[PDB]
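1. these are from a larger complex, still in place; more later:
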Amino acid sequence: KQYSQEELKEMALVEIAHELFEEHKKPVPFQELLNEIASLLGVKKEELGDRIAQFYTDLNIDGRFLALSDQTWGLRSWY
């Protein structure tokens, strides 16, 4: 889009998420948003470690976003 990776590195994770939602047009679970945001920032999501809580808080405080109910499922064999 309209942001270089340098600009994105300057942004609040919530504003990157807002940009992602605006192009996805669908609900996205938190771990997938972290993966997508990590990839735009040139990192792996575990490297964000420090900014996860600010991010989560902001999603909660900003009324642009809703926490939706849906269940994530996976395979037992993966863990």
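-> Sure thing, it's come through. Numbering: from 1, shown residues only, chains lettered A, B, ... in the order given.

2. from now on I want contacts and neighbour counts done on CA atoms only, so please keep to that.
-> Will do.

3. any chance you could map the strands in chain A?
-> Assigned by DSSP state E, the strands in chain A number zero.

4. can you give me the helices for it?
-> Assigned by DSSP state H, chain A shows helices spanning A:5-10, A:13-24, A:30-40, A:52-61.

5. hmm, who's touching the third one?
-> The reference is to helix A:30-40. Outside helix A:30-40, the residues that touch it by CA atoms under 8 Å, 6 or more residues apart in numbering are A:5, A:8, A:13, A:16-17, A:44-45, A:48.

6. how far off centre is that helix?
-> Taking CA atoms, centre = their mean, to the nearest Å, the mean C-alpha location of helix A:30-40 is offset from the chain mean by 5 Å.

7. chain B should go on the structure too:
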Amino acid sequence: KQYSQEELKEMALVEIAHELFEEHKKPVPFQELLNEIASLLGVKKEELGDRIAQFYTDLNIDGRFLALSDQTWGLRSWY
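-> One more chain to add, chain B, which I have set with the ones above:
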């Protein structure tokens, strides 16, 4: 508690939910919140219907409330 049912009848659901949380101090699933609110208003869960959606949007927009990622568990028997 400091509210009569007559006072509760003139509050937004979200304001009742805030008092319940302050009263009980633990996380609640949304349906249980509804269950407890409907009981305090002496109505049946169904009777609210139209206000539920506005209730879930207030919870999202009001910055005092966090949507928690914790998993709700229950018994298959109950359904």
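
8. show me the contacts for residue A:4.
-> Contacts for residue A:4 (CA atoms under 8 Å, 6 or more residues apart in numbering or on different chains) come out as none.

9. from chain B, how far out is it?
-> For residue A:4, the distance to chain B (CA to the nearest CA, to the nearest Å) stands at 31 Å.

10. gap between the residue nearest the centre of chain A and chain B?
-> In chain A, the residue lying closest to the centroid (CA atoms, centre = their mean) is residue A:33, at 3.0 Å. Distance of residue A:33 to chain B, computed by CA to the nearest CA: 15 Å.
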